[PDB]
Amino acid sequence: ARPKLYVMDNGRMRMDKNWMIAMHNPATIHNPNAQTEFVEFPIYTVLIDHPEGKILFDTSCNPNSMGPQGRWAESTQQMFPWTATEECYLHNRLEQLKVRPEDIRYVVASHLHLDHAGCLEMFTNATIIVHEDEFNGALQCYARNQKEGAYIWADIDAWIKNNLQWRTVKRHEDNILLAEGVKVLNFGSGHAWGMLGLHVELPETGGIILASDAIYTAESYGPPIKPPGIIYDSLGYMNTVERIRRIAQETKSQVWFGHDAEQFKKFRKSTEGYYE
């Protein structure tokens, strides 16, 4: 297999850095009203054009997320503002590669947060691979009519109405060989209820681990590890980071973080090329 891997730029988000790095700048006796920072970071997705079929990792934000008629609650829009030109919409990024949503065989959902599962509803011809615990959690949000938070009611509503085809990764399930040199990593609970990663073995580029929000940035990764300001399973989060570090060492793989602005700038984007 001689696949091509694309990094697609799906815009920028901003939020309190305390979300990204817990207690990054604590108040002190001489600085008791310490102020935080409003940091900008990239939202991106990865397409693997594989001979066995096209694989998509994450789906960024829904084009109708922001605005007064948006899907995101006002509170969400104010705390996690997403900025994207039409060019940045996943549909458009794929189109520019002559890829239609119906051409996607597998979508790997790292998790079901607003900035990763926004465009799942588009892929009605794919098998959507998601952690069963993440799926369960999101559905509870939906059933409980939770309108605020990182799980977008309107997005979930759309997944159901569009009759997506789901394959859940069970809590105690081994990693999944999706195709030659493409492995779905079952990270389990940490950042969210259930995290999935990807290990890609490219002929000329070698090993790549897509960590998503298992590791926000190089600052998160360290060492030492700097966990995010809010977290589902702290123990699971720390275990997952260490696990990724081990896999990276043993397989001589690069680790691609969820939202590292510096790393993202160095990526070859879909407007410039790909990784073979």
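Note that residue numbering follows the sequence shown and begins at 1.
Looking at 155-163 and 108-116 together, the entry lists the larger mean B-factor for 155-163, computed on C-alpha atoms. Here 91-99 and 180-188 are compared by their mean Cα B-factor, and 91-99 comes out higher. Per the deposited coordinates, the residue with the largest Cα temperature factor out of 35, 217, 45, 249 is 35. Across 231, 209, 56, 235, the greatest Cα temperature factor reported in the deposited entry is at 231. Sorting the modelled residues of the chain by their CA temperature factor places residue 132 in the lowest third. Sort the modelled residues of the chain by CA B factor and residue 239 lands in the lowest third. The deposited CA B-factor of residue 147 belongs to the highest third of values across its chain. When the CA B factors of the chain's modelled residues are split into thirds, the value for residue 199 lands in the lowest one.
Compared with the other modelled residues of the chain, the Cα B-factor recorded for residue 171 ranks in the middle third.
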